[PDB]
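J.: Handing you a structure now.
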Amino acid sequence: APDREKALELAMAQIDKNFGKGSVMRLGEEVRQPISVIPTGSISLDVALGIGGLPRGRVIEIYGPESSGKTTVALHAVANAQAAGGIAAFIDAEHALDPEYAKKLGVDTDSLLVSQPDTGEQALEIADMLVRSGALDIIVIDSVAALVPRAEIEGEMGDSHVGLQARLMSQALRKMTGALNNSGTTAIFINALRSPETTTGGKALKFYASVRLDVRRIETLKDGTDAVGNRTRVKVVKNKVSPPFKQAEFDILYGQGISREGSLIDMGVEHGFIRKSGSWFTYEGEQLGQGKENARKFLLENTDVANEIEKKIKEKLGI
């Protein structure tokens with residue numbers, strides 16, 4: 001009577017119907033539920049996520065050591081959302097954002113809502129208020145670790161209460177998540193951190209998120225001796241809308257955003273479109289150059305090509 005696959009599907013079926021789509025899923029499975037998404041700004045990452053970009057109306061956490069490339073991504077997200085004509089909110093509690101660098105990645109600073117909370121409750125709440133107005137496409141909280149409870153701030157944390165922050169984070173996230181889902185507003189909590197300590201607030205953020213990104217830096221992009229930027233690596237450690245654990249890499253040159261041409265030269269190679277002979281790159285006849293960098297330039301100057309690689313790559317996968 002038992003037909004494991006017939007019995008297994010029926011099991012998964014109920015499981016989703018009981019806890020939500022994606023509550024369980026074969027890793028090879030290839031999701032086909034196209035959800036509204038905010039493009040990460042890194043094609044590779046956008047594919048790693050398995051749905052094009054950050055899922056809308058979800059809580060997204062981006063953690064990693066300082067300079068890992070978190071903000072950048074985050075900034076890009078805002079940027080792509082504004083192009084889709086969405087409004088963006090930035091609950092700043094670190095005062096580091098450099099609007100100028102933002103404008104560079106495509107952000108419309110002049111139309112960006114910004115708030116610099118006096119307390120942690122204040123911040124989270126201000127956010128909650130903004131979210132439930134259903135007007136924002138995306139909201140990004142800078143530094144989970146900075147949402148220090150009011151009590152701790154005022155200096156009354158005289159060893160008379162402890163752990164207050166997680167709670168602050170947990171309860172806050174209990175409320176907002178709901179509202180978020182209805183508004184469709186994506187919320188990116190930038191968790192610049194410090195296994196699994198979580199800087200005091202990732203405890204509750206670990207369960208409320210639907211997508212958790214692990215941003216890390218792996219190598220300094222060079223030519224020969226002179227540097228040009230750094231290659232970041234991300235690992236979607238959690239994904240409740242597509243098979244998790246995939247990962248992508250992308251280049252960010254000093255002062256720039258996620259290098260399109262880089263992504264091109266990267267996904268081109270693995271995918272076959274662009275061939276690499278030792279220390280050289282070639283694209284169906286044409287020579288790109290000796291070394292990823294000259295190639296990058298090459299693709300920067302010859303707009304048509306590359307634009308066509310983006311094409312072929314964008315075809316072999318969903319564009």
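Lettering and numbering for the structure tokens are positional, with chains as A, B, ... in the shown order, residues counted from 1 in each chain, and ligands counted from 1 in the shown order.
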Assign secondary structure with DSSP using the backbone only, and return the residues of segment 130-195 of chain A in helix (DSSP H, G or I) as a VMD selection string.
T.: chain A and resid 130 to 131 144 to 146 150 to 154 164 to 183
J.: Those residues with N, CA, C and O atoms, as a compact mmCIF listing (two decimals), in the first residue's frame please?
T.:
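Below is the file out17.txt, written as the result:
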```txt
# COMPACT_ATOMS: atom_id res chain seq x y z
N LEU A 130 5.92 53.57 9.54
CA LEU A 130 6.14 53.80 8.13
C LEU A 130 5.67 52.61 7.32
O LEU A 130 4.95 52.77 6.34
N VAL A 131 6.08 51.40 7.71
CA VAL A 131 5.69 50.19 6.99
C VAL A 131 4.18 50.07 6.77
O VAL A 131 3.73 49.95 5.63
N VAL A 144 21.53 46.33 13.05
CA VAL A 144 20.84 45.60 14.10
C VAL A 144 21.44 45.84 15.48
O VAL A 144 20.73 46.14 16.45
N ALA A 145 22.76 45.72 15.54
CA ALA A 145 23.50 45.92 16.77
C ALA A 145 23.34 47.30 17.42
O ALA A 145 23.63 47.45 18.60
N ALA A 146 22.88 48.29 16.66
CA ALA A 146 22.74 49.65 17.19
C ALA A 146 21.40 49.96 17.87
O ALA A 146 21.26 50.98 18.54
N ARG A 150 16.14 51.52 25.27
CA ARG A 150 16.13 52.87 25.82
C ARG A 150 16.85 52.84 27.16
O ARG A 150 17.77 53.62 27.40
N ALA A 151 16.44 51.92 28.02
CA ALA A 151 17.04 51.82 29.33
C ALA A 151 18.55 51.79 29.25
O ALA A 151 19.21 52.57 29.92
N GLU A 152 19.12 50.92 28.42
CA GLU A 152 20.57 50.86 28.33
C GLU A 152 21.07 52.25 27.97
O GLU A 152 21.99 52.75 28.61
N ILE A 153 20.47 52.89 26.97
CA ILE A 153 20.90 54.24 26.58
C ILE A 153 20.91 55.22 27.74
O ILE A 153 21.97 55.72 28.13
N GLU A 154 19.73 55.50 28.29
CA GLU A 154 19.60 56.45 29.39
C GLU A 154 20.59 56.21 30.54
O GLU A 154 20.73 57.04 31.44
N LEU A 164 17.22 42.68 27.47
CA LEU A 164 16.15 43.53 26.97
C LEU A 164 16.18 43.72 25.46
O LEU A 164 15.12 43.75 24.82
N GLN A 165 17.37 43.82 24.88
CA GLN A 165 17.46 44.05 23.44
C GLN A 165 16.84 42.97 22.57
O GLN A 165 16.04 43.27 21.69
N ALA A 166 17.20 41.71 22.79
CA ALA A 166 16.61 40.66 21.99
C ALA A 166 15.09 40.85 22.00
O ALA A 166 14.47 40.97 20.95
N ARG A 167 14.51 40.88 23.20
CA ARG A 167 13.07 41.06 23.35
C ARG A 167 12.66 42.20 22.44
O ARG A 167 11.80 42.06 21.58
N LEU A 168 13.29 43.34 22.62
CA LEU A 168 12.99 44.51 21.81
C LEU A 168 12.92 44.12 20.34
O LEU A 168 12.03 44.54 19.61
N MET A 169 13.88 43.31 19.92
CA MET A 169 13.97 42.85 18.54
C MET A 169 12.85 41.85 18.24
O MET A 169 12.13 41.98 17.25
N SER A 170 12.71 40.85 19.10
CA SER A 170 11.70 39.83 18.93
C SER A 170 10.29 40.41 18.82
O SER A 170 9.62 40.21 17.81
N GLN A 171 9.84 41.12 19.85
CA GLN A 171 8.49 41.71 19.86
C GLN A 171 8.29 42.58 18.63
O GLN A 171 7.31 42.42 17.90
N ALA A 172 9.23 43.49 18.40
CA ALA A 172 9.16 44.38 17.24
C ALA A 172 8.93 43.55 16.00
O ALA A 172 7.99 43.78 15.25
N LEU A 173 9.79 42.56 15.79
CA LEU A 173 9.64 41.72 14.63
C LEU A 173 8.33 40.94 14.64
O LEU A 173 7.81 40.60 13.58
N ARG A 174 7.77 40.66 15.81
CA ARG A 174 6.50 39.96 15.84
C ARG A 174 5.47 40.82 15.11
O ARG A 174 4.77 40.34 14.21
N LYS A 175 5.38 42.09 15.50
CA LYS A 175 4.44 43.02 14.90
C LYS A 175 4.69 43.26 13.42
O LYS A 175 3.95 42.81 12.56
N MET A 176 5.76 43.99 13.13
CA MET A 176 6.12 44.33 11.76
C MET A 176 5.93 43.25 10.70
O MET A 176 5.26 43.49 9.71
N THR A 177 6.53 42.07 10.89
CA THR A 177 6.39 41.00 9.89
C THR A 177 4.98 40.95 9.35
O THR A 177 4.78 40.92 8.14
N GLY A 178 4.01 40.92 10.25
CA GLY A 178 2.64 40.91 9.81
C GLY A 178 2.44 42.06 8.84
O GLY A 178 2.34 41.85 7.63
N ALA A 179 2.39 43.28 9.37
CA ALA A 179 2.20 44.46 8.55
C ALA A 179 2.98 44.38 7.23
O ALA A 179 2.42 44.60 6.16
N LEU A 180 4.27 44.07 7.32
CA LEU A 180 5.11 43.97 6.12
C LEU A 180 4.38 43.18 5.04
O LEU A 180 4.09 43.72 3.97
N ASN A 181 4.07 41.92 5.34
CA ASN A 181 3.39 41.04 4.39
C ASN A 181 2.22 41.70 3.67
O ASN A 181 2.04 41.51 2.47
N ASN A 182 1.41 42.46 4.41
CA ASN A 182 0.26 43.12 3.81
C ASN A 182 0.69 44.26 2.89
O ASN A 182 0.16 44.40 1.79
N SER A 183 1.67 45.05 3.34
CA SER A 183 2.18 46.18 2.57
C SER A 183 3.06 45.72 1.40
O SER A 183 3.18 46.41 0.39
```
J.: Using only C-alpha atoms, which protein or nucleic acid residues come within 8 Å of segment 257-270 of chain A? Drop anything in the same chain fewer than 5 positions from it, and give the result as a list in words.
T.: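 Here the answer would be residues 41, 42, 43, 44, 72, 73, 76, 104, 105, 250, 251, 252, 275, 276, 292, 295, 296, 299, 300, 306, 309, 310 and 313 of chain A.
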J.: Between A:305, A:186, A:141, A:246, which residue has the minimum interatomic distance to residue 274 of chain A, considering only C-alpha atoms?
T.: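 Using only C-alpha atoms, residue 274 of chain A sits closest to A:305.
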J.: Tell me, which residues of segment 3-241 of chain A carry DSSP strand (DSSP E or B), written as an MDAnalysis selection string?
T.: chainID A and resid 37:38 54:55 59:64 87:91 113:115 136:141 186:192 211:222 227:239
J.: Would you write out those residues with C-alpha atoms, as a compact mmCIF listing (two decimals), in the first residue's frame?
T.:
```
# COMPACT_ATOMS: atom_id res chain seq x y z
CA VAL A 37 11.21 40.89 -6.07
CA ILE A 38 13.71 43.69 -5.60
CA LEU A 54 14.83 39.99 -2.56
CA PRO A 55 11.26 38.76 -1.98
CA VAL A 59 12.03 40.45 6.41
CA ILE A 60 15.51 40.24 4.89
CA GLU A 61 18.66 40.09 6.97
CA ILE A 62 22.08 40.90 5.56
CA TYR A 63 24.87 40.15 8.02
CA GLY A 64 28.64 40.00 7.78
CA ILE A 87 9.34 54.71 -2.00
CA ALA A 88 12.24 53.77 0.33
CA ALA A 89 12.89 54.29 4.01
CA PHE A 90 16.25 54.14 5.78
CA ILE A 91 16.09 53.79 9.56
CA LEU A 113 13.02 58.91 3.79
CA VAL A 114 15.59 58.85 6.58
CA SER A 115 15.25 58.65 10.31
CA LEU A 136 7.02 51.89 0.94
CA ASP A 137 8.46 49.35 -1.46
CA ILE A 138 11.52 48.83 0.70
CA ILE A 139 12.84 49.84 4.12
CA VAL A 140 16.35 49.18 5.34
CA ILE A 141 17.43 49.29 8.97
CA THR A 186 10.62 44.46 1.95
CA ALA A 187 12.63 45.17 5.01
CA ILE A 188 16.37 44.71 4.97
CA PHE A 189 17.93 44.60 8.41
CA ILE A 190 21.66 45.21 7.97
CA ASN A 191 23.28 43.14 10.64
CA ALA A 192 26.91 44.22 10.57
CA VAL A 211 15.89 35.21 3.51
CA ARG A 212 19.19 35.54 5.32
CA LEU A 213 22.29 36.63 3.48
CA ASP A 214 25.84 35.97 4.65
CA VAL A 215 28.02 38.68 3.10
CA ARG A 216 31.76 38.17 3.27
CA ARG A 217 34.89 39.47 1.55
CA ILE A 218 37.19 36.99 -0.15
CA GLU A 219 39.89 38.72 -2.17
CA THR A 220 41.22 42.06 -3.30
CA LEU A 221 40.74 42.60 -7.01
CA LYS A 222 44.01 43.58 -8.63
CA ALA A 227 44.46 47.16 -6.48
CA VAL A 228 41.08 48.10 -7.98
CA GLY A 229 38.45 46.83 -5.55
CA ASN A 230 37.28 43.68 -3.77
CA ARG A 231 35.34 40.52 -4.57
CA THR A 232 32.48 39.76 -2.20
CA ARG A 233 30.87 36.36 -1.61
CA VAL A 234 27.34 35.81 -0.36
CA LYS A 235 25.65 32.65 0.92
CA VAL A 236 21.87 32.53 1.12
CA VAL A 237 21.90 30.57 4.34
CA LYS A 238 18.16 30.77 4.69
CA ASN A 239 15.48 30.98 2.03
```
J.: Which residue is closest to residue 245 of chain A? Choose from A:201, A:50, A:85, A:117 and count only C-alpha atoms.
T.: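 Comparing A:201, A:50, A:85, A:117 against residue 245 of chain A, the winner is A:50.
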J.: Identify which of the residues A:134, A:94, A:126, A:318 lies closest to residue 148 of chain A, counting only C-alpha atoms when measuring atom-to-atom distances.
T.: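 Checking each candidate against residue 148 of chain A, we get A:94 as the closest.
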J.: For atom CA of residue 272 of chain A and atom CA of residue 27 of chain A, determine how far apart the two atoms are, in Å to one decimal place.
T.: 24.1 Å
